[PDB]
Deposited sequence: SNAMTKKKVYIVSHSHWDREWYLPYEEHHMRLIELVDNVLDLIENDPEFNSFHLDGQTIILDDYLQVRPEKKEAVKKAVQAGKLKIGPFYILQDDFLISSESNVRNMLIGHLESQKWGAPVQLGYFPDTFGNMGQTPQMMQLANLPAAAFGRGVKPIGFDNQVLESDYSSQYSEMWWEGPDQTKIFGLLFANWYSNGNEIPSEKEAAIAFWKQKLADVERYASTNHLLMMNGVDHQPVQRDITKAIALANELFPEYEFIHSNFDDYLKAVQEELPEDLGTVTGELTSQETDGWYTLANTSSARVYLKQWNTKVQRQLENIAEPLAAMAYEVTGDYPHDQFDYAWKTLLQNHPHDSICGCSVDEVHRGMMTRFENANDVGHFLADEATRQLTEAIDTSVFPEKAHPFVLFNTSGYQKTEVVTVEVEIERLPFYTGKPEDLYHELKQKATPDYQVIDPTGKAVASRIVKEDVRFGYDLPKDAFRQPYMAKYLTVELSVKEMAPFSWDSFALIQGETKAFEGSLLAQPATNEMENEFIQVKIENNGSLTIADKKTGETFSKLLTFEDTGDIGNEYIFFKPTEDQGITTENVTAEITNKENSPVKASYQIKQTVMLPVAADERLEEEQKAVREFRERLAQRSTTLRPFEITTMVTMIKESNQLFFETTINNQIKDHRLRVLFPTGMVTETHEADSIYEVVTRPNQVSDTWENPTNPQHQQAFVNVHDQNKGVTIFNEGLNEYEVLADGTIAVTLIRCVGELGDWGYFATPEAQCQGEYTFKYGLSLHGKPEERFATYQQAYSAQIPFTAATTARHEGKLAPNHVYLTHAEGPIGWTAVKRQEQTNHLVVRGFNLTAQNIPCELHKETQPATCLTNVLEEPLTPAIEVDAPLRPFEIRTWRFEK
């Protein structure tokens, strides 16, 4: 007798085709009915709460008196919660954000009960290759998913269950929804309807079954709970005597199905990105829907992971405090924008306007905590090493890499409180002469710098023990050339009156020929605005870089689709206006201004094809014949002590139904390329499979993408530009912005704000390298470019902290450093990194010559079995350190 396990559930997208509160109020009805069945049906086994604990919070936010009832249902085993906080899109959120989803979920779960030990990815558009290791590092032995593997090729499976092995050889139990998570939805309680139902549903599940234990998912998207499931199940037990129907849960099913597993069970390895399909519904183009959401997500994630948390971790040694609740609050606010329908940008306009508010709030909490930690650190630094009348300031490197930047610091040099007319103080500082200032180090040695600008403006202080104090102040912005600042360290300086020590050496730019060069590269800006770069260390030359391409797009927020007759417009034949904006021995910058006459939108045919829900592949709309100027302004910046070229493109988008890309021809036709993923540098082929029909192959990227051979290589890094494609000739095409007018999917939902009108700024850059070992240096500096330097002023005072201090000594090598924070109750220092290579490398951490206490998992629990702190870093290993 084959047992059939029926698990009641409801896949709840938090916000999608309706505004958030429209879904939120229907979530109240769902949970109300779930609790009613629990309290009134003694034969109701359990209800799976979609693997996300936030549903409990969203429910009790409206019905708080139900907390005790909700708690009892969880403690009785009838309401199965966890283990995640929300159901995220893996590729569109940061590596740490994926970990915090499990960490927050693990901590939120212990307010109710033991969560389900199952990774829940039912609707995730592609699954990250590091899922097995990340699951195991969070005490999750199994994972349930629905996309990425076809049940019956490297990405197929003869069984609905399988083994899933990551690049670090960590293996978990893969549970595929081979007939989707809706095969058991709406089970009939009538004879003639139940016979025809179970005759095909039992048939559909036994094609891919490897055991006598079948899985029937009793729910679907926003599905109300089947209130007569007990009657339908009891009816099924009487109509099919060979099968045994059991209202069950995932925990009992996982235990049962894995007891009678066969020996010939298959194994999938690495990413699961639907690479063996027709490529028409990968939904990868969600990486380009509403680019402003991805940019805000990148900025807030860096603010929390790489700014506020490291600084607050350092400030703990001064205060003995760590704002755990504030950080937890900021992370849950940020994670509320990480449901896959939210961060992918495939919802209605009101949903994404609401995401901007959450982005702002989480960012502001991140700035507040970073400013508190920075004040606590600088106030404890012994700045009395500087002469009197000096203006101290401290630079913080909050990353795990050697940092090389030309930074600016704004130092207040005079202050006039008003408590007379405040306007007199303004004009007083306005008419006061500004002396020559000079930067010095703690020893009094003059540091080279440049006085950029001065500003007189209103300001105020918010003391922790007194009323607000307003003032009029004068500020000097000083430019510094920081060369290879040690990771997780700080350096103190000061402004004093005196002749400024100017930068020395040859100018980086040669403006008459529109050229730049340092010791690494020689850059030439051609007439069309493209870049010709020569690698001075390898001798390789690259041409036609930074070409901009614009084509039409008549798809939706999920899928890009070029009009059939659209050839695209590029800047290859345009005539760029090139201006050298800055030129110093340490920094040079050019402004490239280009214009292309683009179609204002799609022609009038697209609207009727959208309203009629015509499939995008059958759409005949072309680009409009009415034109409108489209201006592209790009800044190209080069500094003396780095091989990275930095790009900053500005547009005021008034064009609809189009996609803008920037092109980097590498001249290398290779089998594979490399992209930044989740705790992984994933290798991907450039040749689509035999079943692939999409003329494009959009792919997800985090921080960079790379194409290289045995001699040379090009690394393109970005900020919030998560969609790329490697063309046939080896050209790296990064998508800047993609504008559509409808949601897509199951109906017609107009989304005009998905046209992304208004001003935008895209930050990206390139880095050349030679032998394949030199990739990882460009990978680290790609991570470092996303992390800004932290500078803050402070007065003269004594203190227990030295003016220059290295907080963490990191093992040099191909390692990505992603987290520095402190554990919840213990306040132990937590550091997390991961191996960039497939090789065992030495990795030893030290905090002021003190070794780490032990290695932990991502939940900051000690590893079992224990790994030695000085043990080599295994290939693709995610390692977390604990310092007491």
Exercise. How would you list, in order, the spans of the deposited sequence that the model does not cover?
Worked result: 1-5, 158-165, 433, 899
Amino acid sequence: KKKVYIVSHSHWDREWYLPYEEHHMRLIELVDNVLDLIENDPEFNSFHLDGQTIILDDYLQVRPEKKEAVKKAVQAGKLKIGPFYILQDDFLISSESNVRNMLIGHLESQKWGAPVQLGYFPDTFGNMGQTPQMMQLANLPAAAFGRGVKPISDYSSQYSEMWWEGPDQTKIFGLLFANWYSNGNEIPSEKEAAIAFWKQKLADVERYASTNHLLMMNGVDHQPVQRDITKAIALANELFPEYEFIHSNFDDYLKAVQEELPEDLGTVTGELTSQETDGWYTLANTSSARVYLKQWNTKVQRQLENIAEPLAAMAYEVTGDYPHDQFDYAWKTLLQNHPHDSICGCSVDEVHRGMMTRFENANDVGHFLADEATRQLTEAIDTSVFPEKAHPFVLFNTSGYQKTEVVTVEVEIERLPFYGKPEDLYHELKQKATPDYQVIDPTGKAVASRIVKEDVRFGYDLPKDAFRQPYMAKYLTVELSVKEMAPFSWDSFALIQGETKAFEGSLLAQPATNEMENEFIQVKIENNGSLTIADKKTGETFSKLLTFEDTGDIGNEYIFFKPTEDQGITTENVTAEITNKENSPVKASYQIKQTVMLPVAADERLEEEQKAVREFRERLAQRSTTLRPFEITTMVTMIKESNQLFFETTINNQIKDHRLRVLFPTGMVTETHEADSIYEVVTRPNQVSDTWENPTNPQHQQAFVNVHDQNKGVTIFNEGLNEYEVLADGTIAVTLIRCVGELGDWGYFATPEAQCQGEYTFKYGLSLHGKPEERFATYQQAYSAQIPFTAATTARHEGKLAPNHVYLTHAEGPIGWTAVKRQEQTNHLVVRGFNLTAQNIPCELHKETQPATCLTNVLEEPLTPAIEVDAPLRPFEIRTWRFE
From here on, numbers count along this sequence of modelled residues.
Exercise. With respect to the recorded C-alpha B factors, which stretch has the higher mean value, 115-123 or 182-190?
Worked result: 182-190
For this session: Between 498-506 and 593-601, point out the one with the higher average CA B-factor as the PDB entry records it.
Result: 498-506
For this session: Would you mind finding, among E305, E607, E582, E244, the residue with the largest C-alpha temperature factor in the entry?
Result: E244
For this session: Report the option among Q200, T564, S95, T551 whose CA atom has the maximum B-factor in the deposited record.
Result: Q200
For this session: Give the position of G51 by CA B-factor within its chain, expressed as the lowest, middle or highest third.
Result: middle
Exercise. For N40, does the deposited CA B-factor place it in the lowest, middle or highest third of the chain?
Worked result: highest
Exercise. Of the three thirds of its chain by CA temperature factor, lowest, middle or highest, which one includes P772?
Worked result: middle
For this session: Taking the values exactly as deposited, rank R207 by C-alpha B-factor within its chain and report the matching third: lowest, middle or highest.
Result: highest
Problem set entry | Cα B factor band for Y779 (lowest, middle or highest third within the chain) | middle
